[PDB]
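Have a look below at one chain only, the form deposited in one PDB entry, in structure tokens format.
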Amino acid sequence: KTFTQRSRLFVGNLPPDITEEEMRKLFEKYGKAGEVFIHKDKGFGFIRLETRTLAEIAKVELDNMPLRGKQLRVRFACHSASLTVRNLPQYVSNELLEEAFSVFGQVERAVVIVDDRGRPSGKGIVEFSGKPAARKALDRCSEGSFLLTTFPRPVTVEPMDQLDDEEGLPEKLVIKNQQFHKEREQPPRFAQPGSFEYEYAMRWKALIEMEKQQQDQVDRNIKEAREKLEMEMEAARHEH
């Protein structure tokens, strides 16, 4: 597919005298330009390039480029119509997900997330070209029971939990309040055995072990109930 949201770039620190035409000139090197949005007063905008390949190149070549006083901030736009799908079947493909969710409208891209051993995590990603399509899908899959394969256990569609592991939380953006300063007095140190803090922070290191042993009981609880429910259903299908 071409002119997907995945070739859509946010551009920041633009000068106030920016025109729809100069932003097209700036990106002239990267072929055909689709939709352009600009707010001159705020000095940010959106440019949608032909392919992800050209947006990946444009991003790197133009991020931190100087322009009339400031250095440009070029990023990939956050997807506006991305869903997380949970409770995926045991046997599932990128292609099945795209086909399944194309019922609600244009799907730009669908992915079954896999571990390094190549097995699915149980999560997947569905990215629609438009927000309405994502809205229908999200709503209809909440009220309805959406089934990709024969096995009659339905998919769970959530809005995408969009996280950042690129920029993170830099010191400059951390808020400088009273609690900040109080927290930021004692430096990073290995707590020495026998001190106030050591047997305090030996309770934490147990609270997380039990929380994980609780989260592993929920695992066993729901596995056993899953197993039980499969059997009841096997049998109930034999009632012709």
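From 1 onward, residues are counted along the sequence shown.
Unshown form deposited in another entry; subsequent notes refer to it.
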So which of 191, 109, 77, 40 is at the hinge, taking the rigid parts that turn between the shown form and the other one?
77
Direction of C-alpha distance change in the other entry, residue 38 to residue 131 (at least 3 Å)
closer
Are residue 133 and residue 44 closer or farther apart at the Cα level in the other entry than shown, by 3 Å or more?
closer
